[PDB]
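Only one structure is covered here, and it is reproduced in the block below.
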Amino acid sequence: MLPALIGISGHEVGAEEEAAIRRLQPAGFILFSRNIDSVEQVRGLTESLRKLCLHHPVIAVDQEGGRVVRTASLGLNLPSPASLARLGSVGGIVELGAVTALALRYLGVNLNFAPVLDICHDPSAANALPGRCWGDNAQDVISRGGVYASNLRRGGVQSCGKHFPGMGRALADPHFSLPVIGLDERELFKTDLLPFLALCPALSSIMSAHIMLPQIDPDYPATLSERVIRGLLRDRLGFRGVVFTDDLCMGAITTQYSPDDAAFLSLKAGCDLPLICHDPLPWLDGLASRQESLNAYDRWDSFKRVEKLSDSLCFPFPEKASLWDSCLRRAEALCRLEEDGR
Ligand SMILES: CC(=O)N[C@@H]1[C@@H](O)[C@H](O)[C@@H](CO)O[C@@H]1O
Ligand SMILES: [Cl-]
Ligand SMILES: [Cl-]
Ligand SMILES: [Cl-]
Ligand SMILES: [Cl-]
Ligand SMILES: [Mg+2]
Ligand SMILES: [Mg+2]
């Protein structure tokens, strides 16, 4: 099993993709809007991915709500976490988790890259993608994100807390290529790290961001720092689940490493499944070759975490049109609920 998630180009697995999947057996896949056109087409895509894999593959998506939604082509739209936080409706947060779980499960998706546990500390911090945050302090994020994650998981879809160690504090720095969190660890655990610690039982997994924590490691970002992952995340925070990386194919991280080396480095640091989201095929062979250069016991620990995740993955619902109509009906009603509450 290749320890990574890889993207898929289109509505069906291509020839080159299918070849690499048979040969390398990736732990799973991440889907985007380019993979989602109709219910039948999606269920066929996820069926293909499951059949091409000997193990039960992770099939993941960023179905957050608002401006991060991958199902527009299905007519399935969802409100943003920030809008449900403003609405103040507790039932609305439950329903976002429940409806997301129901729909993703009908499509054969088994993991959602949510909740976002970043804190939106100030309405001044500019965010290119607005609305992703559940609140402006750790306690509100824990309360709203926890209700979300609970009901996502209650519906059989695994959750992922992101982005460790807390993107709300990350600032651009002239002396660094990647964003920087200069906070002391003790203040981090009182604030941006607190949602990850408080919600561990509700988080199937956690995704690490490409952020510099220079007081802990001045040379490698969190995703590639053994001190941040094995020290801060595994030891002090105590998280025992699967650790994903931020995408290795886009962003400032690509100006520092190529995706195959970064994937290896993240496994060395203690992550379990780096994300190779866009054009993955050129990088998979170099990763699979460098794999046996890892400590065999570390590889065994990481495989047991991935195996535990895989064993919790749920299978798609049997075909039933009225079930999918309810997904559309409840999603539409959830959007109108937020719209009417403004
Ligand atoms: C900071 C940020 O937006 N990171 C995103 C993450 O949210 C997403 O889940 C992943 C897969 O699409 O790609 C990027 O790493
Ligand atoms: Cl292909
Ligand atoms: Cl919003
Ligand atoms: Cl806080
Ligand atoms: Cl844990
Ligand atoms: Mg369509
Ligand atoms: Mg299978």
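Here, A, B, ... name the chains of the structure tokens in the order displayed, residue numbers run from 1 inside each chain, and ligands are numbered from 1 in the same displayed order.
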
Sel. of helix (DSSP H, G or I) residues, segment 209-257 of chain A, as a list in words: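 Taking segment 209-257 of chain A and keeping helix (DSSP H, G or I) only, one gets residues 222, 223, 224, 226, 227, 228, 229, 230, 231, 232, 233, 234, 235, 236, 252, 253, 254 and 255 of chain A.
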
Just-selected residues, C-alpha atoms written as a short mmCIF file (atom, residue, chain, number, x, y, z; two decimals), in the first residue's frame:
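In the end it all went to part.cif:
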data_model
loop_
_atom_site.label_atom_id
_atom_site.label_comp_id
_atom_site.auth_asym_id
_atom_site.auth_seq_id
_atom_site.Cartn_x
_atom_site.Cartn_y
_atom_site.Cartn_z
CA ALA A 222 4.87 21.34 10.75
CA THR A 223 4.06 18.74 8.07
CA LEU A 224 7.76 17.91 7.67
CA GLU A 226 9.51 15.31 13.43
CA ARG A 227 9.61 17.61 16.46
CA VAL A 228 6.20 19.08 15.62
CA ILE A 229 4.50 15.83 14.60
CA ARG A 230 6.13 13.26 16.89
CA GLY A 231 6.74 15.75 19.70
CA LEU A 232 3.87 18.24 19.74
CA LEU A 233 1.14 16.25 17.98
CA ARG A 234 1.75 12.63 19.06
CA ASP A 235 3.30 13.15 22.50
CA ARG A 236 2.01 16.39 24.05
CA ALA A 252 4.15 27.91 -1.42
CA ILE A 253 5.25 24.41 -0.30
CA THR A 254 6.05 23.64 -3.95
CA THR A 255 8.69 26.39 -4.01
#

Contact check, segment 84-151 of chain A to segment 293-317 of chain A, at most 10 Å, counting only C-alpha atoms, closest pairs as JSON lines:
{"residue": "A:102", "atom": "CA", "partner": "A:317", "partner_atom": "CA", "distance": 8.8}
{"residue": "A:103", "atom": "CA", "partner": "A:317", "partner_atom": "CA", "distance": 9.5}
{"residue": "A:104", "atom": "CA", "partner": "A:316", "partner_atom": "CA", "distance": 8.3}
{"residue": "A:105", "atom": "CA", "partner": "A:316", "partner_atom": "CA", "distance": 5.1}
{"residue": "A:106", "atom": "CA", "partner": "A:317", "partner_atom": "CA", "distance": 5.1}
{"residue": "A:107", "atom": "CA", "partner": "A:316", "partner_atom": "CA", "distance": 6.3}
{"residue": "A:108", "atom": "CA", "partner": "A:316", "partner_atom": "CA", "distance": 4.2}
{"residue": "A:109", "atom": "CA", "partner": "A:316", "partner_atom": "CA", "distance": 7.2}
{"residue": "A:110", "atom": "CA", "partner": "A:313", "partner_atom": "CA", "distance": 5.7}
{"residue": "A:111", "atom": "CA", "partner": "A:313", "partner_atom": "CA", "distance": 7.6}

Please identify all protein, DNA and RNA residues within 10 Å of ligand 4, counting only C-alpha atoms and all ligand atoms, and report them as a compact mmCIF listing (two decimals) with C-alpha atoms, in the first residue's frame.
# COMPACT_ATOMS: atom_id res chain seq x y z
CA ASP A 118 -9.00 27.09 12.92
CA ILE A 119 -9.98 30.08 15.06
CA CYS A 120 -10.92 33.31 13.28
CA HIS A 121 -9.25 35.49 15.89
CA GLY A 135 -16.03 30.86 15.62
CA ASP A 136 -13.64 33.50 16.89
CA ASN A 137 -12.42 31.71 20.02
CA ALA A 138 -11.43 28.17 20.96
CA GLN A 139 -14.48 27.47 23.15
CA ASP A 140 -17.00 28.38 20.43
CA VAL A 141 -15.02 26.42 17.81
CA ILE A 142 -14.95 23.40 20.15
CA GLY A 168 -5.90 31.22 12.68
CA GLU A 187 -0.26 29.85 24.78
CA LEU A 188 -1.04 27.63 21.78
CA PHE A 189 -2.46 24.94 24.05
CA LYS A 190 -4.67 27.53 25.73
CA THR A 191 -5.94 28.68 22.32
CA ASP A 192 -5.35 27.41 18.77
CA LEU A 193 -4.32 23.88 19.81
CA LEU A 194 -7.18 23.51 22.31
CA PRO A 195 -9.86 22.40 19.77

Which residues form the shell of 8 Å around ligand 7 when you count only C-alpha atoms and all ligand atoms, given as a PDB file with N, CA and C atoms, in the first residue's frame?
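What landed in selection24.pdb:
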ATOM      1  N   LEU A  49     -12.901   2.908  -7.730  1.00  0.00           N
ATOM      2  CA  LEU A  49     -11.769   3.060  -6.822  1.00  0.00           C
ATOM      3  C   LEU A  49     -11.722   1.935  -5.790  1.00  0.00           C
ATOM      4  N   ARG A  50     -12.878   1.531  -5.256  1.00  0.00           N
ATOM      5  CA  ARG A  50     -12.899   0.438  -4.287  1.00  0.00           C
ATOM      6  C   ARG A  50     -12.489  -0.881  -4.929  1.00  0.00           C
ATOM      7  N   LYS A  51     -12.944  -1.128  -6.159  1.00  0.00           N
ATOM      8  CA  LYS A  51     -12.615  -2.392  -6.804  1.00  0.00           C
ATOM      9  C   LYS A  51     -11.140  -2.456  -7.181  1.00  0.00           C
ATOM     10  N   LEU A  52     -10.554  -1.329  -7.593  1.00  0.00           N
ATOM     11  CA  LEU A  52      -9.144  -1.323  -7.968  1.00  0.00           C
ATOM     12  C   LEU A  52      -8.214  -1.509  -6.775  1.00  0.00           C
ATOM     13  N   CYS A  53      -8.727  -1.431  -5.550  1.00  0.00           N
ATOM     14  CA  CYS A  53      -7.909  -1.521  -4.350  1.00  0.00           C
ATOM     15  C   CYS A  53      -8.196  -2.817  -3.609  1.00  0.00           C
ATOM     16  N   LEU A  54      -7.129  -3.478  -3.153  1.00  0.00           N
ATOM     17  CA  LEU A  54      -7.301  -4.675  -2.337  1.00  0.00           C
ATOM     18  C   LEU A  54      -7.837  -4.321  -0.952  1.00  0.00           C
ATOM     19  N   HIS A  55      -7.296  -3.270  -0.334  1.00  0.00           N
ATOM     20  CA  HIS A  55      -7.788  -2.719   0.922  1.00  0.00           C
ATOM     21  C   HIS A  55      -9.020  -1.844   0.675  1.00  0.00           C
ATOM     22  N   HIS A  56      -9.699  -1.469   1.766  1.00  0.00           N
ATOM     23  CA  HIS A  56     -10.796  -0.504   1.683  1.00  0.00           C
ATOM     24  C   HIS A  56     -10.204   0.898   1.614  1.00  0.00           C
ATOM     25  N   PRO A  57     -10.277   1.568   0.469  1.00  0.00           N
ATOM     26  CA  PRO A  57      -9.569   2.839   0.322  1.00  0.00           C
ATOM     27  C   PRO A  57     -10.308   3.982   0.993  1.00  0.00           C
TER      28      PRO A  57
END

DSSP strand (DSSP E or B) selection over segment 94-206 of chain A, as a PyMOL selection string: chain A and resi 111-112+116+158+161-164+171+180+205-206

Protein and nucleic acid residues within 12 Å of ligand 3 (only C-alpha atoms and all ligand atoms) as a ChimeraX atom specification: /A:64-68,78-87,127-135,335,338-339,342

Residues within 10 Å of ligand 1, counting only C-alpha atoms and all ligand atoms, as a PyMOL selection string: chain A and resi 5+7+30-32+60-64+68+112-116+118+128-129+132+160-164+166-167+207-211+244-251+274-278

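With a cut-off of 7 Å and using only C-alpha atoms and all ligand atoms, the polymer residues contacting ligand 6 are residues 37, 38, 73 and 74 of chain A.
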
Coordinates-based distance that separates atom CA of residue 98 of chain A from atom CA of residue 333 of chain A (Å, one decimal): 13.1 Å

All residues having an atom within 6 Å of ligand 5 (only C-alpha atoms and all ligand atoms) as a VMD selection string: chain A and resid 200 239 to 241

Expected selection as a ChimeraX atom specification for ligand 2 within 10 Å, only C-alpha atoms and all ligand atoms: /A:8-10,12-20,279,281

Restricted to C-alpha atoms, what would the selected residues look like written as a PDB file, in the first residue's frame?
ATOM      1  CA  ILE A   8      -8.189  11.697  -9.846  1.00  0.00           C
ATOM      2  CA  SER A   9      -8.321  13.767 -13.024  1.00  0.00           C
ATOM      3  CA  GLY A  10     -11.927  13.348 -14.117  1.00  0.00           C
ATOM      4  CA  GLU A  12     -13.731   8.108 -14.497  1.00  0.00           C
ATOM      5  CA  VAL A  13     -10.366   6.604 -13.670  1.00  0.00           C
ATOM      6  CA  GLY A  14      -8.074   7.136 -16.634  1.00  0.00           C
ATOM      7  CA  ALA A  15      -5.766   4.541 -18.132  1.00  0.00           C
ATOM      8  CA  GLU A  16      -2.555   5.933 -16.616  1.00  0.00           C
ATOM      9  CA  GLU A  17      -4.345   6.363 -13.270  1.00  0.00           C
ATOM     10  CA  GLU A  18      -5.726   2.817 -13.239  1.00  0.00           C
ATOM     11  CA  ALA A  19      -2.272   1.480 -14.147  1.00  0.00           C
ATOM     12  CA  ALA A  20      -0.598   3.247 -11.213  1.00  0.00           C
ATOM     13  CA  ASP A 279      -1.259  15.494 -11.152  1.00  0.00           C
ATOM     14  CA  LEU A 281       1.372  10.243 -11.150  1.00  0.00           C
TER      15      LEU A 281
END

Residue contacts of residue 2 of chain A (8 Å, only C-alpha atoms) excluding same-chain residues fewer than 6 positions away, as a list in words: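 Contacts, with the query itself left out: residues 24, 25, 26, 27 and 288 of chain A.
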
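Proximity of A:181, A:265, A:1, A:117 to residue 206 of chain A, computed with only C-alpha atoms, is greatest for A:117.
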
Length of the atom CA of residue 153 of chain A to atom CA of residue 197 of chain A vector [Å]: 17.6 Å
